[PDB]
């Protein structure tokens, strides 16, 4: 069976409390993430050879896929990729920026504090559903950008280092309309070691 799979949550559903509630983690992972994978797999039944692409390859080739599934794949491979990434980039363990990522952040933003302010603002200003991202060019240059819906920096040949889901389903149960509190709290669970790995893998 070479269909796409939901990656099991890498920690307990209540591991990110009190920053993200257990109920949200259950819905977010077991309903939302699950639905993107299911829909992706269903769309691909017509072209089974596409099961042999990685999520990245699908996302890097949206404009050359068969016209009749291009949009579905964009949305659902996007959802599948983004959520796998998002759950991996959070952790109950305490982590901090180190090594080349730590240096790159200081270099490209001036300081970690300045980077964090810019990131929070970009995340706050996303209008509608979307994501805020710290991304790297192939040469390791860092910047912050956002994508709408389940669109991914990957489709623009940018490499995601960290990323924050600001779809309302990611924060509404606990924060309601207060996305700023969500964004601020989320920095307590960012997995900086996983971010470092993402940056090294360029």
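Residue numbers count along the first chain shown, from 1.
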| query | finding |
| --- | --- |
| 139-147 versus 162-170 - which carries the larger mean C-alpha B factor in the record | 139-147 |
| Stretch exceeding the other in mean C-alpha B-factor - 25-33, 42-50 | 42-50 |
| Given 80, 89, 124, 104, the residue at which the Cα B factor reaches its maximum | 104 |
| CA B-factor placement of residue 9, once the chain's modelled residues are sorted into thirds | highest |
| Position of residue 157 among the chain's modelled residues by C-alpha B-factor, lowest, middle or highest third | highest |
| Chain-relative CA temperature factor third for residue 112 | highest |
| Ranked against its chain, the third holding the CA B-factor of residue 75 | lowest |
| Position of residue 120 among the chain's modelled residues by C-alpha B-factor, lowest, middle or highest third | middle |
